[PDB]
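Here we start with a single chain on its own, the form deposited in one PDB entry, put down as structure tokens.
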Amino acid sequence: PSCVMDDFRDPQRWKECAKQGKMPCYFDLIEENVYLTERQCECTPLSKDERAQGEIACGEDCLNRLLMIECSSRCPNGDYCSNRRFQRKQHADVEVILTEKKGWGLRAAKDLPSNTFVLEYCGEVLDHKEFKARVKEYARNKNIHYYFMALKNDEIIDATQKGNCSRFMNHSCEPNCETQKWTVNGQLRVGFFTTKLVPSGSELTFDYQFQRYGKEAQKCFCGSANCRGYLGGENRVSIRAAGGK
């Protein structure tokens, strides 16, 4: 049982597939972060000719790229800037699938070169007060899966109620993906990038480095030879610490 990203674009069909167990449970799909309470490069423009030859605009040597800042619309390379991935939503070809013990997860729908942008991890951005409120609510509902992602000390991204398919990436003690923090329009975002060549059909995983505040830690089914056995590891941390202090 698996689906493509566009199956998530039609809430009605999504909803009925969910009742048949054909899609994960419903959540609100959003194209970019939403704050619960609100708060140029030096590349030489690529010639028309060099672009037909297939050269790259804002490639490895772009100054914004190297600092993990995306270019604006005012970029010297204009429409041709390749350093706009988050804003252009140019994600990897990825599928959502039902795993054996982890719930739903993400699968590569074709070969993914090393260091390929996968998806942005989007959600409602929480401050400490909202974080703690949601901690309680989720504990109280008895949620199994957890979606909190530390962004910066006062900012947690909560993908529980709202987000995109990124909320499905499972943890692995030997992951093929990693988080990167990218600056887009003065604002900080997180996205997943492959850490190596990922053959078509393989599950996409990252290392959560999970900071667990719960009494009991969830067991890890990653199946890695080095598996640490639990999500969050050995230590339990305080809620304030998990939350960034």
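Whichever C-alpha set is largest while still superposing within 1.5 Å between the two forms counts as the rigid core. Heads up: residue numbers just count along the shown sequence, starting at 1.
- The gap between residue 39 and residue 40 holds 10 or more unmodelled residues of the deposited sequence.
- Per-stretch averaging of Cα B factors for 58-66 and 175-183 places 58-66 on top.
- If you average the C-alpha B-factors over 124-132 and over 162-170, the higher value belongs to 124-132.
- When the Cα B-factors of 85, 110, 101, 145 are read from the PDB record, 110 comes out highest.
- In the deposited coordinates, the residue among 219, 189, 48, 212 with the greatest CA B-factor is 48.
- When the CA B factors of the chain's modelled residues are split into thirds, the value for residue 53 lands in the highest one.
- In this PDB entry, residue 74 carries a Cα temperature factor that places it within the middle third of its chain's modelled residues.
- Ranked against the other modelled residues of its chain, the C-alpha B-factor of residue 43 as given in the entry falls in the highest third.
- In the deposited entry, the Cα temperature factor of residue 116 sits in the bottom third of values across the chain's modelled residues.
- Among the modelled residues of its chain, residue 206 has a C-alpha B-factor that falls in the lowest third according to the deposited record.
Heads up, the form deposited in another entry isn't pictured, but that's what we're talking about next.
- Residue 153: CA moves 2 Å or more between the shown form and the other one after rigid-core fitting.
- Relative to the superposed core, residue 46 undergoes a Cα shift of 2 Å or more between the shown form and the other one.
- When two forms of a protein are overlaid on their rigid core, residues whose CA moves 2 Å or more are considered shifted, and residue 143 is one of them between the shown form and the other one.
- Relative to the displayed conformation, the Cα-Cα distance from residue 138 to residue 105 grows by 3 Å or more in that other deposited form.
- Distance between the C-alpha atoms of residue 219 and residue 211: longer by at least 3 Å in that other deposited form than in the displayed form.
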